[PDB]
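What follows is one structure encoded as structure tokens, with my remarks underneath.
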Amino acid sequence: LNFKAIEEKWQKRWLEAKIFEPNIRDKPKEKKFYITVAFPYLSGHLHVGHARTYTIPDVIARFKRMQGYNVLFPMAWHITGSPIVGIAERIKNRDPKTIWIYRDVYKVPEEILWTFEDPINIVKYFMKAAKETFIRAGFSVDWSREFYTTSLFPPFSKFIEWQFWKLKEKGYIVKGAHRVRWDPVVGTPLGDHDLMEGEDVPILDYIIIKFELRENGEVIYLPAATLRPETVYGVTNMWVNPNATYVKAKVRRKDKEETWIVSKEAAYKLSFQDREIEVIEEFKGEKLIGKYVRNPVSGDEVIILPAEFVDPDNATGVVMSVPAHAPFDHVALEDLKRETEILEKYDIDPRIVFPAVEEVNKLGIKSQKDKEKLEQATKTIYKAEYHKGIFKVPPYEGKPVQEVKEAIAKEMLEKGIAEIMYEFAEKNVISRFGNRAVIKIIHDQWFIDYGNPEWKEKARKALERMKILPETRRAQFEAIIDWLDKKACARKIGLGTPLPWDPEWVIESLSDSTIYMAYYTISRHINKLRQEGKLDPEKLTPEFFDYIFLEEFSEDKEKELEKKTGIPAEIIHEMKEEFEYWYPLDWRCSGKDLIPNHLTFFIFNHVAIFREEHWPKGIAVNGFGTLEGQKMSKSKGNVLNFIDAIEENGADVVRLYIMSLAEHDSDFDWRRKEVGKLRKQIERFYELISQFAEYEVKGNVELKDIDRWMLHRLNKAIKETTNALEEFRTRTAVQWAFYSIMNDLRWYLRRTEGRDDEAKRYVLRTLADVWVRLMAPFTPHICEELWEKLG
């Protein structure tokens, strides 16, 4: 029933005797097994979905120790980035939503919570929480190698500097243009997750089509912003908010200078997007109505009509109407007033398609210019049209809309007909200073150039040589490697390691976490030196790391490194032996959500820096977990913390349950009723083994047919459980290791009810030995206890 005592007993033994801190001398390199799993970010408690991610490698590590490998399974903490910095500030301001999440979902005591205004307290609290939770879960971690990231952990920070100098020397670090969140009042870059409000909000790439308004003036453009540039071939008129203030302005870039008319808000925004803006005058909105403009694509000339649905504070403030496909434009066309002129009803709606002018929706739920919710109509159309839908218009006859959009935009762009304006999907993006953010284009953003073709090739080579579990994910990896472009690798805000040649930037979270597995190998020695007060991180130069990771052993280099570092040549030598022994990493594990980013970056960074013999050998990914049928959401409060699940059900029960539900990229669904039922079966498994352990087997026995049947079923389960685990098939392994044996055993006991002789006791005791062994990787605590009972 209660296993709290057994779990505590075994965790104390594992920790106090440092059972899981391996010594490389115990076995030759041929029997080494090194596995790591993406370290957690310390902004809060890990939940049961995370529990799966971290339990799989533990199961495998324990399975490997049982097979005879010398195993290393370490753990460390990620604290790089701006979220923790942002969260601290929100609690400082007493933001209701943040407070509630930390109180109700994470159960942080009230008084402790206010100390989180200092991001360092958030880090310390959740570091302690994550470590205890991993120890309470029975994870067989070599804690001597523990560390955390950023400049707050000098020795690791130095290792990161080395990594980045290496990338630089190879020409993999590039400076360039980028668009970032910016506070226009303070005039300063913002942290993406250090906002007062609007952190999920994406920056959108609006295509601004420069319609031509000609009237005695040699240069006047009315840039209409659209997310459907392909609909340029069907614009029947223009939209503008007659009540909104528009400006006529001089727009110059480099040496090109034009004159445009956009909303007053657009003019301010554009000033931060690589353009000099000088407003000429405010012109209301109605002052434009009735005017005609030329469609720079389809030579047509159209009218600028009134419409209170257009938002002057969205993109340019100018919209191009396409009623056949834009619900808003249709119901907007609906007229029945006086205005100024009326030549209406004239000119139909050119379609480009299921009716020609797909206005079903905009007439399938009623309408009216601003009844709102009109977007649900545009949602369905926009969604559909993108999926299927073939282009009607001549230039792109029978072409997929998705293709036409890409082509048209590509064409207007490299012709000057259209330009790009960045805009937030929502209007509530607010900085920590309390001001609405703007998007600013900068020219000095640092990138890691994953787009380098030579680099991509070496990455394909490394991928080819490694195992991918499930193999069905190999295609996605190949595609990510082909399609990857340079990636912003540093930020102005957040905790991290300063870019060594430009300290004003700190290396970003997905960029300081691609090869730290190499650091784990030397972490025990570094921590011992550090605790001994015999370490000056400043002496951990690129030269030192070059010797450790890239050079041939040299007693002379060790001797000269000893003089420069203050670290005994022998210790330096041992550190290098740890790395040479444990690498290459046998397995890198993580959620499937890291395939497009971290996991692929992990491959690139390894081929860019390490010798070939040290490239990764395998990646195993897992799916997600939902709770009672729903996604776990902190804002909704339906999150089950891993530590709470352990307290309530027992660690072995949580582990077996989660492992039993799914394998590879399949997801699982946590159900209280199922875990309760599994717990009862685990308790029965425990009692049965305890009962069988009392039997004493004598000499040889005379087996009956049912006994031989049972013995054969045990061998079957051993084989299948082992075959499944070699492939990280945790669900299939549990079906054999736990369910099959329990099912076979129950039938065995029914068939032998009333019988009790030596042959039967021999079968049952033999089963108990086999069963505890197959279950150990899953339920390690009760299995250690049962092994003592057995003898």
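Letters A, B, ... mark the chains of the structure tokens in the order given; residue numbers begin at 1 per chain; ligand numbers begin at 1, in order shown.
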
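When the distance limit is 8 Å and only C-alpha atoms are what count, the residues near residue A:50, minus those fewer than 4 positions from it on the same chain, are residues 46, 54 and 642 of chain A.
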
Exercise for review: List the neighbours of residue A:97 out to 9 Å using only C-alpha atoms; skip same-chain residues closer than 4 positions along the sequence, and give me the result as a PyMOL selection string.
Suggested key: chain A and resi 101-102+635

Sorted per-residue table, stretch 13-114 of chain A near stretch 431-443 of chain A, closest atoms and distance, 9 Å, only C-alpha atoms, as a tab-separated table:
```
residue	atom	partner	partner_atom	distance
A:86	CA	A:432	CA	8.3
A:89	CA	A:432	CA	7.8
A:90	CA	A:432	CA	8.6
```

Now that the selection is made, can you save its residues with N, CA, C and O atoms as a tab-separated table (two decimals), in the first residue's frame?
```
chain	number	residue	atom	x	y	z
A	86	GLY	N	11.42	38.28	-16.89
A	86	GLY	CA	10.09	38.84	-17.08
A	86	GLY	C	9.12	38.47	-15.97
A	86	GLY	O	8.31	39.30	-15.52
A	89	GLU	N	9.67	40.49	-12.69
A	89	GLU	CA	9.12	41.84	-12.78
A	89	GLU	C	7.60	41.84	-12.68
A	89	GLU	O	7.02	42.72	-12.06
A	90	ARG	N	6.95	40.85	-13.29
A	90	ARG	CA	5.51	40.78	-13.19
A	90	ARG	C	5.09	40.54	-11.74
A	90	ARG	O	4.10	41.11	-11.28
```

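For the set A:112, A:60, A:480, A:522, the residue with the smallest atom-to-atom gap to residue A:580 is A:522, counting only C-alpha atoms.
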
Practice item. Might you pull out every residue within 8 Å of stretch 34-41 of chain A, with only C-alpha atoms counted and same-chain residues fewer than 2 positions away left off, and present them as a PyMOL selection string? Key: chain A and resi 32+43-44+53-54+57+61+71-80+517+582-590

Review point. Hey, what's within 9 Å of residue A:159 if we count only C-alpha atoms and toss same-chain stuff fewer than 3 positions away? As a list in words, please?
Key: residues 154, 155, 156, 162, 163, 164, 516, 519, 540, 541, 542 and 545 of chain A

Write the residues you've just listed into a file as a CSV table (one decimal), in the first residue's frame, and include N, CA, C and O atoms for each of them.
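Output file again28.csv is given in full below:
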```
chain,number,residue,atom,x,y,z
A,154,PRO,N,30.4,30.7,-13.8
A,154,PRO,CA,31.6,30.9,-14.6
A,154,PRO,C,32.3,29.9,-15.4
A,154,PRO,O,32.5,30.1,-16.6
A,155,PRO,N,32.6,28.7,-14.8
A,155,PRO,CA,33.3,27.7,-15.6
A,155,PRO,C,32.5,27.2,-16.9
A,155,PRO,O,33.1,26.9,-17.9
A,156,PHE,N,31.2,27.2,-16.8
A,156,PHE,CA,30.4,26.8,-17.9
A,156,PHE,C,30.3,27.9,-18.9
A,156,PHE,O,30.3,27.7,-20.1
A,162,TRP,N,34.3,29.7,-25.4
A,162,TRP,CA,35.1,28.8,-26.3
A,162,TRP,C,34.3,28.4,-27.5
A,162,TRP,O,34.7,28.5,-28.7
A,163,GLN,N,33.1,27.8,-27.2
A,163,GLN,CA,32.3,27.3,-28.3
A,163,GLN,C,32.0,28.4,-29.3
A,163,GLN,O,32.1,28.2,-30.5
A,164,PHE,N,31.7,29.6,-28.8
A,164,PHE,CA,31.4,30.7,-29.8
A,164,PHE,C,32.6,31.3,-30.5
A,164,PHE,O,32.5,31.7,-31.7
A,516,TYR,N,26.5,21.3,-24.5
A,516,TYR,CA,26.8,21.2,-23.1
A,516,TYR,C,27.0,19.8,-22.7
A,516,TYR,O,27.6,19.5,-21.6
A,519,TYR,N,30.4,19.4,-21.9
A,519,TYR,CA,30.8,19.9,-20.6
A,519,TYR,C,30.5,19.0,-19.4
A,519,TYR,O,31.2,19.0,-18.4
A,540,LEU,N,40.2,29.4,-17.7
A,540,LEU,CA,39.6,28.4,-18.6
A,540,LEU,C,39.5,29.0,-19.9
A,540,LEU,O,38.4,29.4,-20.4
A,541,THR,N,40.6,29.2,-20.6
A,541,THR,CA,40.7,29.8,-21.9
A,541,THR,C,40.3,28.9,-23.1
A,541,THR,O,40.3,27.7,-22.9
A,542,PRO,N,40.1,29.4,-24.3
A,542,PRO,CA,39.8,28.6,-25.4
A,542,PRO,C,40.9,27.6,-25.7
A,542,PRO,O,40.6,26.5,-26.2
A,545,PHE,N,40.3,24.5,-23.4
A,545,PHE,CA,39.3,23.6,-23.9
A,545,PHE,C,39.6,22.9,-25.2
A,545,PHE,O,39.2,21.8,-25.4
```

Revision key, fill the gap. Restricting to only C-alpha atoms, whichever of A:12, A:492, A:672, A:371 is closest to residue A:191 is A:492

Practice item. Mind the document's chain letters and residue numbers, and return as a ChimeraX atom specification the residues of stretch 282-478 of chain A that DSSP labels strand (DSSP E). Key: /A:282,292-294,301-306,319-321,390-391,399-400,418-424,438-448,467-469

For C-alpha atoms, I'd like the residues from the last selection saved as a CSV table (one decimal), in the first residue's frame.
```
chain,number,residue,atom,x,y,z
A,282,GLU,CA,-2.9,65.3,-41.5
A,292,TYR,CA,-8.9,56.8,-57.8
A,293,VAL,CA,-5.7,54.9,-57.6
A,294,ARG,CA,-3.8,52.6,-60.0
A,301,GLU,CA,-7.8,52.1,-61.6
A,302,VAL,CA,-10.1,51.9,-58.6
A,303,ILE,CA,-12.0,54.0,-56.0
A,304,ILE,CA,-11.2,54.6,-52.3
A,305,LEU,CA,-14.4,53.9,-50.3
A,306,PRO,CA,-15.3,54.5,-46.6
A,319,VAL,CA,-6.9,48.1,-47.3
A,320,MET,CA,-7.5,46.7,-50.9
A,321,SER,CA,-10.9,45.2,-51.4
A,390,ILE,CA,-6.6,26.9,-57.5
A,391,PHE,CA,-5.8,30.2,-59.1
A,399,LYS,CA,-1.8,27.1,-59.9
A,400,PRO,CA,-2.1,26.4,-56.2
A,418,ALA,CA,5.4,46.1,-52.9
A,419,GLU,CA,7.3,46.4,-49.7
A,420,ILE,CA,7.2,44.7,-46.3
A,421,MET,CA,5.9,46.2,-43.1
A,422,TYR,CA,6.1,44.3,-39.8
A,423,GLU,CA,3.1,44.4,-37.5
A,424,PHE,CA,2.1,42.6,-34.3
A,438,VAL,CA,7.0,49.0,-31.8
A,439,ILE,CA,9.0,46.8,-34.2
A,440,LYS,CA,12.4,48.2,-35.0
A,441,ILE,CA,14.8,47.0,-37.7
A,442,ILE,CA,18.3,46.9,-36.5
A,443,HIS,CA,21.4,46.1,-38.5
A,444,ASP,CA,23.7,44.6,-35.9
A,445,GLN,CA,21.9,41.4,-34.8
A,446,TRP,CA,24.2,38.4,-34.3
A,447,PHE,CA,23.3,35.1,-36.0
A,448,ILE,CA,24.6,31.5,-36.1
A,467,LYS,CA,20.0,6.4,-35.1
A,468,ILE,CA,16.7,8.4,-34.9
A,469,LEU,CA,13.9,7.0,-32.8
```

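Of the listed residues A:785, A:172, A:723, A:747, the one whose atoms come nearest to residue A:63 is A:723, with distances taken using only C-alpha atoms.
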
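Residue nearest residue A:280 within the list A:768, A:661, A:342, A:249: A:249 [criterion: smallest interatomic distance, only C-alpha atoms].
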
Exercise for review: Skip stretch 568-578 of chain A itself and residues of its chain fewer than 5 positions away, then list as a VMD selection string all residues within 9 Å of it, counting only C-alpha atoms.
Suggested key: chain A and resid 23 to 24 521 to 526 547 to 549 553 to 563 583

Dump of C-alpha atoms for the selected residues, as a PDB file, in the first residue's frame:
```pdb
ATOM      1  CA  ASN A  23      34.192   5.680 -12.515  1.00  0.00           C
ATOM      2  CA  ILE A  24      35.516   5.197 -16.055  1.00  0.00           C
ATOM      3  CA  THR A 521      32.083  14.974 -18.901  1.00  0.00           C
ATOM      4  CA  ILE A 522      34.458  17.422 -17.179  1.00  0.00           C
ATOM      5  CA  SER A 523      31.940  18.879 -14.754  1.00  0.00           C
ATOM      6  CA  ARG A 524      32.739  16.566 -11.833  1.00  0.00           C
ATOM      7  CA  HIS A 525      36.423  17.600 -11.898  1.00  0.00           C
ATOM      8  CA  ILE A 526      35.533  21.286 -12.282  1.00  0.00           C
ATOM      9  CA  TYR A 547      43.267  20.554 -25.456  1.00  0.00           C
ATOM     10  CA  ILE A 548      40.477  18.810 -23.517  1.00  0.00           C
ATOM     11  CA  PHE A 549      38.149  18.310 -26.505  1.00  0.00           C
ATOM     12  CA  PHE A 553      46.919  13.685 -25.394  1.00  0.00           C
ATOM     13  CA  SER A 554      50.129  15.554 -24.557  1.00  0.00           C
ATOM     14  CA  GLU A 555      51.876  15.448 -21.223  1.00  0.00           C
ATOM     15  CA  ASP A 556      53.714  18.607 -22.274  1.00  0.00           C
ATOM     16  CA  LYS A 557      50.521  20.528 -23.045  1.00  0.00           C
ATOM     17  CA  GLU A 558      49.144  19.357 -19.701  1.00  0.00           C
ATOM     18  CA  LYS A 559      52.297  20.646 -18.012  1.00  0.00           C
ATOM     19  CA  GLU A 560      52.133  24.034 -19.699  1.00  0.00           C
ATOM     20  CA  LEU A 561      48.372  24.169 -19.056  1.00  0.00           C
ATOM     21  CA  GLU A 562      49.138  23.441 -15.414  1.00  0.00           C
ATOM     22  CA  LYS A 563      51.348  26.551 -15.183  1.00  0.00           C
ATOM     23  CA  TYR A 583      31.918  10.733 -25.889  1.00  0.00           C
TER      24      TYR A 583
END
```

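Counting only C-alpha atoms, residue A:679 has the following residues at most 8 Å away, ignoring those fewer than 4 positions along the same chain: residues 649, 653, 675 and 683 of chain A.
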
Quick one: write out the picked residues with N, CA and C atoms as a PDB file, in the first residue's frame?
```pdb
ATOM      1  N   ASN A 649       0.737   9.279  -5.612  1.00  0.00           N
ATOM      2  CA  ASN A 649       0.693   7.895  -6.075  1.00  0.00           C
ATOM      3  C   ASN A 649       1.874   7.018  -5.776  1.00  0.00           C
ATOM      4  N   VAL A 653       4.904   4.008  -9.153  1.00  0.00           N
ATOM      5  CA  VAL A 653       3.585   3.978  -9.789  1.00  0.00           C
ATOM      6  C   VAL A 653       3.522   5.039 -10.890  1.00  0.00           C
ATOM      7  N   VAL A 675      -4.527   5.549 -13.198  1.00  0.00           N
ATOM      8  CA  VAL A 675      -3.360   5.461 -12.327  1.00  0.00           C
ATOM      9  C   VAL A 675      -3.757   4.768 -11.012  1.00  0.00           C
ATOM     10  N   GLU A 683       0.566  -2.956  -6.282  1.00  0.00           N
ATOM     11  CA  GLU A 683       0.497  -3.451  -4.903  1.00  0.00           C
ATOM     12  C   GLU A 683       0.299  -4.972  -4.901  1.00  0.00           C
TER      13      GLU A 683
END
```

Non-local contacts of residue A:771 (8 Å; only C-alpha atoms; under 4 positions in same chain excluded) as a short mmCIF file (atom, residue, chain, number, x, y, z; two decimals) with C-alpha atoms, in the first residue's frame:
```cif
data_model
loop_
_atom_site.label_atom_id
_atom_site.label_comp_id
_atom_site.auth_asym_id
_atom_site.auth_seq_id
_atom_site.Cartn_x
_atom_site.Cartn_y
_atom_site.Cartn_z
CA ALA A 737 7.37 -6.84 -18.44
CA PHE A 738 4.30 -6.06 -16.42
CA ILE A 741 3.45 -11.78 -16.81
CA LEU A 767 8.96 -16.17 -11.90
CA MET A 775 10.45 -4.47 -13.77
#
```
